[PDB]
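Engineer: any chance you could fold what I've pasted below:
(chains A and B)
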Amino acid sequence: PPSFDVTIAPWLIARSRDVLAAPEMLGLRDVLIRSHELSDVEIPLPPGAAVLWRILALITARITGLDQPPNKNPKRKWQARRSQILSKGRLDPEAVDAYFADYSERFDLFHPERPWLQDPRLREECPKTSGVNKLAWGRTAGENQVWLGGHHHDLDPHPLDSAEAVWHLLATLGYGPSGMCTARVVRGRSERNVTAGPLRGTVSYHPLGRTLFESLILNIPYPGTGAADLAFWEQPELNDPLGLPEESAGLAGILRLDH
DNA sequence: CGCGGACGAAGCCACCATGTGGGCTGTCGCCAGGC
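Structural biologist: Numbers count the residues shown, from 1 in each chain, chains lettered A, B, ... in the order given. Structure as follows:
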């Protein structure tokens, strides 16, 4: 069976502190563990990186951010723990595996159920596949002309590398076109219309440092005190199309990652 | 009656400042004598 894991499979290009020659691609778990070692991890698509730094800020960061500044001058104490871990200069791998451990079997995007940032049921109710060309950026869609980025005629399209596929999926989850995508029925409801992505047409500002760990630490908005939150992949069960997108005072609702 | 073409359905977000230049041409006086 096909399987890919963000934690173990290599997709994230990584640059080391030394030499600055031959960046190697690594998984998400490895980057997390070897963070002080690497200066940065890079994605060729700025949309892909714009959502990427958002999700990476919810993993390493969440564990370090703690999701809980109650009493004690909240802002002051989070900045105190912040100074404490910033002083350590690194994250203990055992707390990473523990986080990964909670949902270790839930990451491999190609999951039959619970695929990464995806809806698995979707396959059954949509008659026409959008196609890779409609998903991937710089790639021509059905109505798009054949002039740029290699010519894709939408007949025998060359498949995206799985690592490549991951970058695109993440971008479309951030930036995404609005109106007239392919309709899927849900108990009688068919509406090809689609609204735009949450950050669409914007510049995301991520502070950097000398090493990875620094940036990841300095990348988390301070979560105000509020309801405990979780991510789309931290959701216990699927949302369903109908109904209200519930609010989320937690930072996962402030990383625009609740839904 | 069937096929092809055209149109429609959204999601849509705003008291006061200016300076540079240089590259192309031709002429007699004629004859005779001496070296």
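Engineer: helices along chain A, start to end?
Structural biologist: Residue ranges of the helices in chain A, as given by DSSP state H, are A:28-33, A:46-65, A:74-88, A:93-102, A:122-125, A:132-135, A:162-174, A:212-218, A:251-254.
Engineer: wait, which of those is closest to residue A:234?
Structural biologist: Comparing these against residue A:234 with C-beta to C-beta, the closest turns out to be helix A:251-254 (7.2 Å). No exception for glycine: its C-beta is placed from N, CA and C like everyone else's.
Engineer: buried residues in stretch A:92-112?
Structural biologist: By neighbour count, with 16 or more other C-beta atoms under 10 Å as the criterion, the buried positions of stretch A:92-112 are A:96, A:100, A:107-109, A:111.
Engineer: distance to residue A:217 added to those residues, as CSV?
Structural biologist: Converted to CSV, these look like this (distance: C-beta to C-beta, whole Å):
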residue, distance to residue A:217
A:96, 14
A:100, 19
A:107, 23
A:108, 28
A:109, 27
A:111, 30
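Engineer: and the furthest pair within those residues?
Structural biologist: Using C-beta to C-beta, the pair of those lying farthest apart is A:96 and A:111, separated by 20.9 Å.
Engineer: on that earlier part again, and DNA strand B, which of the buried residues of stretch A:92-112 contact it?
Structural biologist: On the criterion C-beta under 7 Å from any atom of the strand, none of the entries of those sits beside DNA strand B.
Engineer: now for the residue nearest to residue A:194 when sequence neighbours are not counted: which residues touch it?
Structural biologist: Distances taken as C-beta to C-beta, 6 or more residues apart in numbering place residue A:181 nearest to residue A:194, at 4.3 Å, with adjacent residues excluded. Residue A:181 is in contact with A:130, A:134, A:192-194, counting by C-beta atoms under 8 Å, 6 or more residues apart in numbering.
Engineer: out of those residues, flag the one nearest to DNA strand B.
Structural biologist: Proximity of the contacts of residue A:181 to DNA strand B (C-beta to the nearest atom of the strand) peaks at residue A:193, which lies at 4.2 Å.
Engineer: what is the burial count for the closest residue to residue A:93 other than its chain neighbours?
Structural biologist: Distances taken as C-beta to C-beta, 6+ apart put residue A:33 closest to residue A:93, at 4.8 Å, once the chain neighbours are dropped. The number of residues packed near residue A:33 is 19, by other C-beta atoms under 10 Å.
Engineer: what subset of the contacts of residue A:181 is buried?
Structural biologist: The buried subset of the contacts of residue A:181 (16+ other C-beta under 10 Å) comprises residue A:134.
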